[PDB]
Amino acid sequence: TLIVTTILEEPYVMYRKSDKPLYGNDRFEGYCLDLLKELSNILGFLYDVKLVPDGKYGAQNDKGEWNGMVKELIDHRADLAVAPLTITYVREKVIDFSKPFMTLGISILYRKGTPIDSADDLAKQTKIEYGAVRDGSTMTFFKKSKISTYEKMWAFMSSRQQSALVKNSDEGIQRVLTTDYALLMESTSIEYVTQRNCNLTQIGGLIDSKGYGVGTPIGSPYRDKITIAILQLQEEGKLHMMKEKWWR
């Protein structure tokens, strides 16, 4: 029944690996898929998982137009957006979000053993390239930040745009591995990476504080119900278990 838009991002949404042929929703696994299964049991609904066609989370272009999963919800092309989608002020003007099912903050993914300790250290220099995922909430944060240092940084990554910004997190992580590059990535995603490559580390603390929520078109009856469901899973300690299962 319900159409759920999502995006491939480890360990939230991934293609399940099997020796036998997988069809439909079975092709996907991960934190967000366990959550979606839970939500459909609690609210009792069927669903079809579809990746967002342009592979973007969603940003508003210079002419006011949106893309990514946000656009899909806006154009009623999807009922739910269940993915590590950041709840932001700008997005709340065009779609509704459930209450957060996970919290995080923008931080820095970089290698270990350098004198770089914060965004400032990155900002006041130029040898180390740094950037974020194109059309994601992190890129938008820097693009709209009125704080000098972040404003300085947006200037840097937007000039070297075609280069500083990456298509997705996997490409950004690979850029951190094979280049002198620091990735502006969200904290729980960084936790997952550094947890698997002891050469990588989080630089500084969180630049901001926020959360991930299930997106729905504006005025959807499902939003409050999903919030109630998230609150239940939280209450019975399943959100913790799910986090531990995937981040291990």
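Position 1 is the first residue in the sequence shown; the rest follow in order. Here the rigid core means the biggest group of C-alpha atoms that line up within 1.5 Å when the two forms are laid on top of each other.
Peer 1: Quick one: with the core lined up, is it 152 to 160 or 96 to 104 that wanders further in 9 other deposited structures of this protein, going by C-alpha RMS?
Peer 2: Stretch with the higher C-alpha RMS distance in 9 other deposited structures of this protein: 152 to 160.
Peer 1: Quick one: core-superposed, which stretch strays further from the shown model in 9 other deposited structures of this protein, 14 to 22 or 236 to 244? Go by RMS C-alpha distance.
Peer 2: With the rigid core fitted, 14 to 22 is the stretch that strays more in 9 other deposited structures of this protein.
Peer 1: Which has higher Cα B-factors on average according to the PDB entry: 210 to 218 or 177 to 185?
Peer 2: The deposited B-factors put 177 to 185 ahead on the C-alpha mean.
Peer 1: Name the higher of the two by mean Cα B-factor in the PDB entry, 167 to 175 versus 80 to 88.
Peer 2: Here the higher of the two C-alpha B-factor means belongs to 167 to 175.
Peer 1: Which is it among 93, 71, 99, 146: the one with the largest CA B-factor in the entry?
Peer 2: The C-alpha B-factor peaks, among 93, 71, 99, 146, at 146.
Peer 1: Among the choices 33, 39, 193, 49, identify the one whose CA B-factor in the record is greatest.
Peer 2: Top of the list by C-alpha B-factor: 39.
Peer 1: Relative to the other modelled residues in the chain, which third contains the C-alpha temperature factor of residue 239: lowest, middle or highest?
Peer 2: Its C-alpha B-factor belongs to the highest third of this chain's values.
Peer 1: Select lowest, middle or highest to describe the third in which the CA B-factor of residue 58 falls within its chain in this entry.
Peer 2: Its C-alpha B-factor belongs to the lowest third of this chain's values.
Peer 1: If you rank every modelled residue in this chain by C-alpha B factor, which third holds residue 9: lowest, middle or highest?
Peer 2: Lowest third, going by the recorded CA B-factors of the chain.
Peer 1: Among the modelled residues of this chain, does the Cα B factor of residue 157 put it in the lowest, middle or highest third?
Peer 2: As the PDB entry reports it, the C-alpha B-factor of residue 157 lands in the highest third of its chain.
Peer 1: If you rank every modelled residue in this chain by C-alpha B factor, which third holds residue 18: lowest, middle or highest?
Peer 2: For residue 18, the deposited C-alpha B-factor lands in the highest third.
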